[PDB]
Amino acid sequence: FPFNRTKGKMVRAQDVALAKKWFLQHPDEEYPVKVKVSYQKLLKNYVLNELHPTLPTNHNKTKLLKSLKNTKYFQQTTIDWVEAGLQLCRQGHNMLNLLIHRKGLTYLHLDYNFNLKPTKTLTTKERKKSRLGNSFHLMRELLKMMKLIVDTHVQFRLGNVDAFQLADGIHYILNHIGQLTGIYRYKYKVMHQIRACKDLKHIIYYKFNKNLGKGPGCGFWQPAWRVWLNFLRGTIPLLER
Amino acid sequence: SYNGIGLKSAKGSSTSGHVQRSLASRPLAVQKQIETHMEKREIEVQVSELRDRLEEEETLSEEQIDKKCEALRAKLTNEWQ
Amino acid sequence: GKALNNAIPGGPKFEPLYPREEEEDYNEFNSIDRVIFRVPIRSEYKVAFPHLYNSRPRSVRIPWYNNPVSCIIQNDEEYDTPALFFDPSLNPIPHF
Amino acid sequence: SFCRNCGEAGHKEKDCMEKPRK
Amino acid sequence: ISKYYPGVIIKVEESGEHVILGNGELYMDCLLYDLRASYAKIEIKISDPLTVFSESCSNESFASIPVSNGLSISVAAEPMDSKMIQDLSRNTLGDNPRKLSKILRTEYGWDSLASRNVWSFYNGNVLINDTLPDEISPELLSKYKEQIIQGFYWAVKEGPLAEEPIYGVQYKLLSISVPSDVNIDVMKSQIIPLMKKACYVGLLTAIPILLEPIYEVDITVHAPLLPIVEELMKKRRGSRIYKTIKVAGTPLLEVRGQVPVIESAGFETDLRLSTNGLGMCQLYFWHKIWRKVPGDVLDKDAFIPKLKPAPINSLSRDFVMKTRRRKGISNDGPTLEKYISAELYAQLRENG
Amino acid sequence: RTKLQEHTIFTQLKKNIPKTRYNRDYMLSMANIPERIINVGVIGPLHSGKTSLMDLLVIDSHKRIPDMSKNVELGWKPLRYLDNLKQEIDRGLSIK
Amino acid sequence: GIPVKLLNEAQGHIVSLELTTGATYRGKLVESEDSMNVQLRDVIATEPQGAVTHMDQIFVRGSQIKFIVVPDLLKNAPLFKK
RNA sequence: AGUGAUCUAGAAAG
RNA sequence: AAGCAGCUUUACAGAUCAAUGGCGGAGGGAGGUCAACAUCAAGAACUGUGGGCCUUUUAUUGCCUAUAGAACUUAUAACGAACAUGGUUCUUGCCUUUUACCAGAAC
Ligand SMILES: O=P(O)(O)O[C@H]1[C@H](OP(=O)(O)O)[C@@H](OP(=O)(O)O)[C@H](OP(=O)(O)O)[C@@H](OP(=O)(O)O)[C@H]1OP(=O)(O)O
Ligand SMILES: Nc1nc2c(ncn2[C@@H]2O[C@H](COP(=O)(O)OP(=O)(O)OP(=O)(O)O)[C@@H](O)[C@H]2O)c(=O)[nH]1
Ligand SMILES: [Mg+2]
Ligand SMILES: [Mg+2]
Ligand SMILES: [Mg+2]
Ligand SMILES: [Zn+2]
């Protein structure tokens with residue numbers, strides 16, 4: 001499946017598990033230890049998914065975007081994806097900055113790459129009053145991740161980097177969230193996603209780099225992209241609450 | 001665990017749980033009774049042959065067969081002794 | 001493999017489903033003075049026939065036994081080999 | 001053994017760098 | 001289980017344990033699943049796989065000694081010819097006396113005397129009453145015929161070495177020495193355990209051996225992978241390949257061979273894994289082949305490891321002693337001293 | 001309600017016994033006649049298709065079978081009607 | 001065609017024949033042929049004179065049969081379906 | 001004479 | 001299988017151009033990254049309806065029997081060939097405390 005068919009239903013792009021068929025099969029015996037343990041760990045994730053099905057409920061009528069669409073306050077249009085990303089970046093920056101300023105913490109500054117830095121060395125009363133929690137920080141770091149992705153697409157559209165560099169850049173970001181983003185500090189369970197991305201990188205590279213050798217250029221970013229989307233699935237209700 | 005070797009889990013062991021096989025690893029009296037049995041077997045062998053012939057190809061009466069069968073042994077027992 | 005806490009190499013590993021162990025057990029039933037050893041019972045056997053080769057197979061699921069042996073011949077050559085042909089792998093048919 | 005897709009030795013069909021051809 | 005599974009044999013030992021016999025590993029897996037999941041619904045311990053052994057002879061009894069509990073019985077044992085074993089295995093010869101004696105005289109080449117003196121065929125063994133008329137007239141032994149045959153049946157259903165069945169033995173009566181005095185109805189009770197003991201003595205005097213059932217194996221494998229299959233058949237003990245069929249019009253070979261049942265544990269799994277799923281095999285016992293285990297059962301000092309599988313020359317001793325300890329019969333093992341007088345035993349040991 | 005999913009797929013309700021294409025009483029009406037009954041044993045080696053051969057004969061005899069999924073109507077998967085024990089369904093094998 | 005098939009689908013049941021000669025026979029139909037030859041067993045028989053007898057087993061040539069009576073059950077046999 | 005079995009991982013407040 | 005006779009008839013031409021019956025016509029088709037409502041894990045497990053049935057009159061439900069139609073989902077059992085998070089309890093791990101966590105189970 002699916003090649004023995006000639007008709008079917010469309011699936012979501014994130015539902016095409018391209019890399020999955022590799023680690024359901026035996027790895028090539030010559031591979032080094034890190035690749036083999038990567039295969040083994042991805043199999044662990046697959047088996048634990050198959051053991052414990054979380055079946056959906058049928059009375060799930062009030063989807064968010066449809067419910068908002070019924071209102072006079074929300075309107076439709078169509079825009080380019082890079083414009084939508086830039087808009088969402090500006091919007092999220094405005095939201096977090098307004099939250100900072102309503103709480104009176106103008107002595108904290110939010111960068112346009114979503115780092116939060118104090119403008120001055122803070123008093124103890126200022127430190128207690130400005131002690132933002134994991135909700136704010138998780139929100140901030142997700143905006144930071146999205147900002148990185150959008151900025152690579154912006155670089156491509158300015159002509160600064162070509163398409164292959166873009167593919168490699170997206171792949172690098174999704175593999176190196178652990179270094180670029182710091183999101184684990186506020187939700188340490190994301191290390192499962194980071195570990196899954198590392199394992200995926202190992203198996204992808206040792207399929208990809210056969211007879212090529214070392215260096216950048218591998219832009220097959222679809223599996224890690226799926227990892228982070230499926231993380232966002234379960235992060236939506238938590239961050240909403 | 002594999003083939004009965006190794007930890008329940010690597011978790012909590014402070015080790016990787018890696019396992020590797022160690023390459024460093026004159027006759028007695030009762031014996032004569034068969035010899036006695038053979039000589040008395042011989043008599044019954046010839047009796048059996050004669051009795052089978054009498055039954056199958058010479059006569060129809062049990063008493064006629066039996067006396068002629070016994071005639072062989074009556075002579076052979078002294079013939080060997 | 002998870003339920004029995006047995007792992008063939010290459011396969012995943014999990015912490016045991018039943019973390020207890022019958023340390024109270026001492027009985028003669030499987031004493032080495034009574035067991036006939038001829039072949040070591042691999043973990044592969046313990047997952048192939050889980051109810052035969054395990055003493056307490058709690059929560060195991062029965063595996064699919066077998067499929068008929070695959071004989072799907074593939075056409076290697078680009079153009080010169082047609083769809084239907086007697087592949088070199090096949091034994092001949094000498095009967096007449 | 002050679003790659004039937006391009007004729008070069010060593011690598012398999014699945015690991016070829018030239019595009020597939022019929 | 002005994003009702004629903006037609007081919008399964010269930011019996012209970014004097015040890016208090018239950019013994020199940022089945023056709024093979026998948027069969028046992030299925031019925032043990034049924035026990036745990038539908039019918040018993042309790043947790044059940046089980047041994048590693050075993051096999052049904054049987055006990056037999058390799059020579060005629062070195063002495064036809066008398067055996068006594070004043071009544072006495074003497075018997076001797078001798079192996080049945082291979083032709084008769086292979087025919088009687090299939091419940092065929094060549095129960096009317098003249099017909100049976102005809103074919104025994106003809107095809108199996110018996111003496112007419114023994115041919116007419118057959119007294120029972122039972123589970124691959126034969127009892128022959130060659131008792132001479134000089135001590136006991138035919139009429140007097142005829143009074144006891146049914147019950148002495150019952151004793152012989154007890155004897156062949158459980159043997160002296162391991163209480164396993166006897167197979168492939170001719171049992172020959174020398175004499176049953178009967179008192180003139182006692183009422184026969186009580187003497188019925190006395191003769192069946194003494195006939196059991198007499199057959200035990202007769203077999204132990206007959207250079208006893210242990211017999212092992214042999215699976216025949218049919219293996220279907222892709223032809224270029226035959227080296228792996230024959231390597232596996234070399235790794236397993238006692239297994240041999242007899243014929244290879246080139247399956248016409250396919251890439252497959254059908255490979256016919258044999259492997260002992262005790263050696264058969266996980267054979268299918270090893271073959272399927274080594275061949276990467278391009279091979280499969282079937283194990284069956286409809287041709288009922290029984291074969292001598294190597295070594296001598298009466299070898300007291302053979303080397304038997306604690307955990308490794310034992311070497312070849314000690315296999316029979318290892319099987320017999322492990323069966324004896326599991327059944328609770330037992331470190332000395334079987335010997336005639338269990339059954340015969342001490343003076344006779346020591347004299348036999350000295351005389352050899 | 002008595003439930004049998006733990007052991008076998010089986011029809012407990014008489015209203016759901018499938019309707020034959022032929023009149024079933026007519027079949028009983030000739031059970032009185034020994035010349036009209038044949039008993040057929042479908043034997044053969046492992047995975048020969050015996051249960052599938054039976055699946056052919058069952059489907060052609062009945063109007064609608066409740067256990068038919070669209071995967072079976074379209075022939076992606078065999079019906080395996082007579083392999084109805086849970087253990088047989090799991091092993092992919094006729095056992096009883 | 002259907003009538004010869006119905007006479008084959010009648011085998012094993014009790015049928016009643018009437019002949020051109022005016023005789024009547026009633027009994028279990030052991031075998032029937034495409035030519036309408038029939039064999040009957042445990043046969044009640046009747047003469048043209050109306051005299052009645054019994055006989056073990058009979059064969060009848062097809063040409064001489066006037067009509068055959070078949071058990072009413074067969075009206076719902078699968079033979080008649082479209 | 002050599003088959004394999006490979007835990008981890010960091011931030012806040014106190 | 002075509003040459004001829006029967007069924008079907010329709011591009012037609014008729015008797016009829018009346019009395020009939022047959023099939024259509026008395027608010028069209030294809031689509032939508034539109035919406036609402038109903039429904040989707042159960043004796044292998046479906047609803048309506050005619051006759052009979054325990055609730056003291058069997059009502060509408062549960063039972064027997066006759067009969068018409070079942071869309072989607074499912075047997076290497078699931079809407080989804082995909083795969084997240086959270087709560088409670090228990091047992092572990094790291095462990096100076098809580099959050100954040102290690103990873104198995106059950107709900
Ligand atoms: O730590 P890993 O996950 O294994 O990945 C490491 C690198 O990632 P970073 O540490 O973030 O730089 C990676 O380059 P990148 O992904 O950044 O492009 C290299 O790939 P390549 O050189 O481009 O082929 C790997 O080399 P291989 O060993 O051949 O896989 C390297 O492994 P190593 O640390 O054992 O040397
Ligand atoms: N290619 C092919 N496969 C078939 C055919 N018939 C059955 N199979 C497959 O063979 C396998 C065995 O199917 P079964 O119908 O259970 O065969 P069986 O003879 O009943 O085997 P047992 O269960 O051992 O009795 C299944 O995977 C079927 O899909 C066939 O005609 N062609
Ligand atoms: Mg079958
Ligand atoms: Mg304090
Ligand atoms: Mg405190
Ligand atoms: Zn190539």
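The sequence lines fix the lettering, A, B, ..., with proteins before strands; numbering per chain opens at 1. Below, all heavy atoms of this structure are taken into account, side chains as well, without hydrogens, waters or symmetry copies.
Within the nucleic acid shown, A/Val37 comes within 4.0 Å of sugar-phosphate atoms alone, with no base atom in reach, counting heavy atoms only. As judged by a 4.0 angstrom heavy-atom cut-off over every strand, B/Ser9 is placed among residues making no nucleic acid contact. Residue C/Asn67 is classed as a base contact, given a heavy-atom separation below 4.0 Å to a base. Within 4.0 Å (heavy atoms only), F/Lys19 reaches no atom of the nucleic acid at all. Backbone-only engagement by C/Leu17 is indicated by non-hydrogen atom pairs under 4.0 Å involving sugar-phosphate atoms exclusively. The residue A/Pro53 sits apart from the nucleic acid: no heavy atom pair falls under 4.0 Å. Using a 4.0 Å heavy-atom distance criterion, A/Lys21 is classed as making no nucleic acid contact. At the heavy-atom level, B/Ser13 lies nowhere under 4.0 Å from the strands shown. Within the nucleic acid shown, A/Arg226 comes within 4.0 Å of sugar-phosphate atoms alone, with no base atom in reach, counting heavy atoms only. Nucleic acid contact for C/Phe14: sugar-phosphate only, since backbone atoms but no base atoms lie under 4.0 Å from a heavy atom of the residue. Note on F/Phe10: only backbone sugar-phosphate atoms sit closer than 4.0 angstrom, heavy atoms only; bases stay farther off. Backbone-only engagement by A/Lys44 is indicated by non-hydrogen atom pairs under 4.0 Å involving sugar-phosphate atoms exclusively. Looking at heavy-atom distances under 4.0 Å, A/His59 makes no contact with the nucleic acid at all. Among the heavy atoms of the strands lying under 4.0 Å from A/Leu48 are primed sugar atoms or P, OP1, OP2 only; no base atom is included.
Remark on RNA chain H: of its neighbouring residues A/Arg195 and C/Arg42, the 5'-side contact belongs to C/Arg42, judged by nearest-heavy-atom nucleotide. Residue order along RNA chain I, read from the 5' end via each residue's closest nucleotide, puts F/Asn16 first among C/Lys2 and F/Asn16.
Look at NZ on F/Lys15: it is 12 Å from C1' on I/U67, rounded to the nearest Å. Here the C1' atom of nucleotide H/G14 and the CZ atom of A/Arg131 are 9 Å apart, to the nearest Å. Straight-line distance from the CD1 atom of F/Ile9 to the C1' atom of I/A41: 14 Å, rounded to whole Å.
Both the sub-6.0 Å distance and the 45° axial angle are satisfied by E/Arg272 relative to the ring of C/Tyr65. Seen from the ring of E/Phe267, E/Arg236 does not count as a face-on cation partner, given the 6.0 Å and 45° thresholds.
Nearest heavy atom pair, residue E/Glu25 against residue C/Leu52, reads O-CD2, 3.5 Å. Here the closest non-hydrogen pair linking B/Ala10 and B/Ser16 is CB-O, 3.7 Å.
In the interface, the side chain of F/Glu88 is not paired with the base of I/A75 through any donor and acceptor atom under 3.5 Å apart. Residue side chain B/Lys11 reaches the base of I/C102 through a donor-acceptor N/O pair under 3.5 Å, judged by distance alone. The base of H/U6 has none of its N or O atoms less than 3.5 Å from a complementary donor or acceptor on the side chain of A/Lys36.
Neighbouring nucleotides I/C95 and I/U96 fail the stacking criterion: their six-membered base rings are not both under 5.5 Å apart at the centres and under 30° between the planes. Using a cut-off of 5.5 angstrom for ring-centre distance and 30 degrees for interplanar angle, I/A66 is classed as stacked on I/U67. The six-membered rings of I/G29 and I/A30 are stacked by the 5.5 Å centre and 30° plane criterion. Remark: I/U33 and I/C34 are not stacked on each other (six-membered ring centres under 5.5 Å, interplanar angle under 30° not both met).
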Point to revise | Base-pair map of RNA chain H as dot-bracket, where | denotes pairing with a different strand and pairs are Watson-Crick or G-U under 3.5 Å | key: ..........|||.

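Taking the side chain of A/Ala17 as heavy atoms from C-beta on, and the options I/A105, I/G80, I/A82, the nearest nucleotide is I/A82.
Across residues 62-81 of chain F, not one residue has a non-hydrogen atom less than 4.0 Å from an atom of RNA chain H.
In this structure, C/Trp64 packs face-to-face on the six-membered ring of I/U76, meeting both the 5.5 Å centre cutoff and the 30° plane limit.
Taking 90° from 0 as the syn/anti boundary, the base of I/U74 is oriented anti.
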